[PDB]
Amino acid sequence: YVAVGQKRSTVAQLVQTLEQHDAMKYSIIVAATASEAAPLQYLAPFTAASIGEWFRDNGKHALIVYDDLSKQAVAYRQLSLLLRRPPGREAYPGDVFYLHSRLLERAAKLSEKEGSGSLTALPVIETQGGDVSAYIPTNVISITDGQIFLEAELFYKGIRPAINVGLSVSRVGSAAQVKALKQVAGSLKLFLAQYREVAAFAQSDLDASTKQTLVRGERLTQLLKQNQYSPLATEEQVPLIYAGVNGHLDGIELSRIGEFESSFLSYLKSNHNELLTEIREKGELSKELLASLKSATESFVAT
Amino acid sequence: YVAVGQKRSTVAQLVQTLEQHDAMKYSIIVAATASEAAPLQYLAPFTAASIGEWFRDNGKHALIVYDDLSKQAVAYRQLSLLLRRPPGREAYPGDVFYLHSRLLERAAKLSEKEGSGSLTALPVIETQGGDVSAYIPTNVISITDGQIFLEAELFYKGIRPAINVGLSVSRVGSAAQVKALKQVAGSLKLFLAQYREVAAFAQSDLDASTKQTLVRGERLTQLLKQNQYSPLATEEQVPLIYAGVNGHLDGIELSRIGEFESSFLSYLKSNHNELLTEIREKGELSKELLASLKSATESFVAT
Amino acid sequence: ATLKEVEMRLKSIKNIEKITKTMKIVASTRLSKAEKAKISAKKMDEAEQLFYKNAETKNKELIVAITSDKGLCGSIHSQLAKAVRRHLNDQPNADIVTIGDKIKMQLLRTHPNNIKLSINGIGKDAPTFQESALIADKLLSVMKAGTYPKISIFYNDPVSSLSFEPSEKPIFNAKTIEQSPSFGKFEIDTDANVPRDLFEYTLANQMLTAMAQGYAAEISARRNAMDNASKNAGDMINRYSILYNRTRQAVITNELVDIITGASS
Amino acid sequence: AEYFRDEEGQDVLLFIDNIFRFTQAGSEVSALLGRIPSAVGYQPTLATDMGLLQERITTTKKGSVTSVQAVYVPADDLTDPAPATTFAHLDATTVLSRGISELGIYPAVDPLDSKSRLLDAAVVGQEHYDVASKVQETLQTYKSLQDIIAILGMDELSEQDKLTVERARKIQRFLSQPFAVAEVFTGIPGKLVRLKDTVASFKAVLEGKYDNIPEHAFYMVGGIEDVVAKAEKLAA
Amino acid sequence: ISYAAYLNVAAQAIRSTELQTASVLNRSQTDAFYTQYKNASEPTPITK
Amino acid sequence: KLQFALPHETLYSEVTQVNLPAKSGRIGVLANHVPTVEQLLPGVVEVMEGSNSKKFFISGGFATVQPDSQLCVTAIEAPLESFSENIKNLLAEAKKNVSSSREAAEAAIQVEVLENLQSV
């Protein structure tokens, strides 16, 4: 985790939280804090990258999260302007593009000759009022392959995690998706797509088709809430999503969606931990397994 | 024909087009293509105008079309910036007004004492998605007398040529205008600014008076259209305007207007080209010529 | 500043576009039900009209008018107002019964002494026989409608699904029914005051149909209006978008110029 | 490319990726060279650099390069100087859309946004022009027509209106041409439909000769000849 | 009571139970309050 | 032709024999009949088209044989079977309460409908 420009107090909490979740047994926190000098801040992601390269070079995999390159940008600006190097758009040096592009190009998934080893990366960019047209955002958007775009309205509307599906895209996407989860999430994509379009129809007499969409859409959105700082295993993501896909959650009340999730999971843990183990180990769900899964969901849905 | 800032390929098509219409023998082409150096482009209109002035100062009548002075602005902008002279409004240098004005005012209808000289000027400005407010366009507008603003919406909506009549003015035009084309042109500009008004509020104006105007207006618009690269004779234009102005074009259903035009002209020539020769020399319509034309127009319209 | 004030205005325009779009769709939804009712109603009316035709009937004055409380459904309100004024040339002063707020207001302005009865007006739901019946019943009792030898009702006939023409018809008095020439080919009673019964029955039967026709015309108009609104809103989106884009460029240029000016020193 | 054209007399096709990134790279180099960046931060040498690049692309007597360039608009602001400068050089525009591709059309070309400046009547042939204009008019009317046809109902489709709809929905499918590189990728054998047969295909659909062959028997097939086969298969 | 009002009350009585549908019941609802008028001047808009 | 109609439903659109209860007692119409106007009282109505017979409970209305032999029946609402025991029980209770309670006219209708219902 590359904490860029963040106050030492904030990073102390981060460290403490990591310790609480006992995650220091794989985490490294490269820290260039607010106090730390703007040259240190400038070279900080580059420095961080080298740590990652060692893992990648060892053929291992790792994930480096640059948070946030926006403050790195400002620091480079400070250096450049002070070194009297020519200013540029939004008073950022012209080769800020070159620097950022170089940084994000040190992340890679290597060839098996080289070891196959990877350095997964996930840069975080802070948008100043969602101004994606802003010079540092626009540049980064071009360099990156994919974006996930968090949306303030959703956050306020208590949808945590607040991810606006419309403005989140992955262009690597399903190539790197668990096969089981891929099977059970084509439907999910289509349902949500309709829900977005049929969103404004929420404001008198509504078509039965739209109302079906609305029930499915609202329940799905509710399903996609997750209480932050509690992650959830994929082998427990798939049963819940299967239910939603089969629209078995449509009947369940919004208030009971939350209750449904934990209860269904507990039901699976007692009743069908064969299924859970199968999901976990097989990673692919055969027609028979998806069959069995439907049965289990129905039974739980009845209670 | 001054070609500034144009692809050398495009210019070659133009030359070939002109030589296809064998018009080259009376015309000069000056070329300052996009490839040609920015200072060469800067001096390119000025040089062309010198050649024009030699004709003007032969007393001979001429025309010079400067395509596109908007590209001269970009060139002068480039030059100015490369001379490290501070950028002006809209980043176009502060002497850009001076540049255009010095160029433009070298075109003149010299007095009979000083030679009877003429050198007509048509300078072609490339608006960035219209909006005549824009520093380079406004600077040009102020120098020029008359504008021939062209409307993209009308172009798309198949009016070729797409001569916006809201934003086309001629600030000294009527003096030039031939008496034949003053008489037949019975405030057609006013009439089609009654059509313009009428169709403004049509989508209300259900008044039969407005409708009569709308029927005339729409039909008149059909007459304006001309298949580009096939220009009509002046003599021939006189009857067409007579017809429409005198409202004999309501007698033609809108669909068949194109047929009417050609047929009407063929009819007139066959019936009596004597009239057309007479207005060709007289350049005025006597009461008799006017009546003869009214009568003849009624004859074809009926048929 | 320019950019932000443009942008907020453009967002407003966007929201307006969205609402007018949404409204247009919901209007269509309502319209289908409206049309369905009108057929069945019109068929029933036609059966009564069969009597009046075959009977060859044909009739102060009464004016009854029909609009909904709801606005934003074209020029129904004022085309009807215009046609009321036209039939208030026929007889200058008349007793105005206004069924619905939209005609009530416009008409109240044009003639204020003429307004004698008014109705709060039929709600969201399309007109129903029960409602028509009560309005008719009060019309007979309160206004003594038959006393006025002219009775005329105004409503909006939904001429085509893209048009509405305000339309009127004359309610045939019981006196009329008596003296109808082919009254003699409708006979079986004289100990039942069939004119006095049939008059009442067709007072309502005609009125319900007129109301149903009107309500449908209103919902149709609303669809039309909300559609045209969307088009107008679109035009503003495009115009202010061009301004937005230009304004965006201008900010970049002006800001850049400031940086350059500083750099030059 | 120029070695191929000039010294091997062949036609070439030169792809460029983002020419937006040609601009972006150039803008930086100007600023680095210390030159005052012109409006919207773009090169003071913006025009000339594009000019040099895009006047070496031409038809010489020897051969001709042809260049397909990729233009990634900056926020869709056509008014921005960099797209404008590009558009000045451009001769044709191919406007692929994914909505269109989602209507099952491979190629993904959005037909109403497909435009060339050598779509000119003389250039492409008068006959070709007339056919093209009709197909464009048909599609244009169809698209608009479907807007209110969907809402109003298909019962509103008059004899005149449904003549256009029948032809149009048939044309829409007829556009779908599986092609050789994606023979594997779609899984459907490729088709390389040459220009003469293109004119022929549209001539017949316009003349409604093959308007009696089902809509999806024009789906995912090539030329006029091809849909003779497909007609047989539809029946089979 | 008027003849069609007489029939109306009868229709309502026929709408009296579980052996019948909602649409009838909806047709047996009353909204409007007849807004009595005079002169301009308005006697109260008593419920219909 | 036979128009049997409600505002929202047209049950029939000549139909062989129709038997109607009117303020004239009961009248049956078969083929041509002189062109009457009859007030339909709250009713049990039978409509026969061919030999097939359909039974209706009708809220009263108007009946008019037209001289073009169109039996225009217009009524506010009607089937007999849909109207048809618990409903009668309820109607009896409501009739009683209204009996004690315009309220007089209402009660008269309640009794009339209750009797007419009681008949079936």
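Order as written gives the chain letters A, B, C, D, E and F; numbering starts at 1 within each chain.
Here, contacts are C-beta pairs under 8 Å (C-beta built on N, C-alpha and C of every residue); 3 or more make two chains touch, one makes a residue touch a chain.
Which protein is which chain? UniProt says C = ATP synthase subunit gamma, mitochondrial; E = ATP synthase subunit epsilon, mitochondrial; F = ATP synthase subunit delta, mitochondrial.
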Going chain by chain, each one touching the next, work out the least steps from subunit D to subunit F. 2
Taking each chain's centre as the average of its Cα atoms, which is closest to the average over all protein Cα atoms shown? D
Could you let me know which interface, C-D or C-E, is made of more C-beta pairs in contact? C-E
Taking the mean of the CA coordinates per chain, how far is subunit C from subunit F in Å? 34
What is the distance in Å between the mean C-alpha positions of subunit E and subunit F? 21
Just give me the whole-number Å value for how far the CA centre of subunit A lies from that of subunit D. 36
Would you mind listing the residues of subunit C that make contact with two or more other chains? 128-129, 197, 201, 205, 242, 246, 248, 252-253, 256, 260
Where subunit A touches two or more other chains at once, the residues are 86, 89, 133
Going by the touch rule set out above, which residues of subunit F reach two or more other chains? 8, 39, 61, 76
Per the touch rule above, enumerate the chain pairs that touch, sorted by label. A-C, A-D, B-C, B-D, C-D, C-E, C-F, E-F
Subunit D touches which residues of subunit C in the complex? 28, 242, 245-246, 248-249, 252-253, 256, 260
What residues of subunit E sit close enough to touch subunit F in their complex? 1, 3, 6-11, 13-20, 23-24, 27
So in the complex, the part of subunit C that touches subunit B is made up of which residues? 228, 242, 246, 253, 256-257, 260-261, 264
Going by the contact rule set out above, which residues of subunit C touch subunit F in the complex? 37, 40-41, 43-44, 47-48, 50-51, 54, 128-129, 182, 185-189, 192, 194, 197-198, 201, 205, 208, 212
Subunit B residues touching subunit C - in the complex, by the definition given at the top: 86-87, 90-91, 129, 131, 203
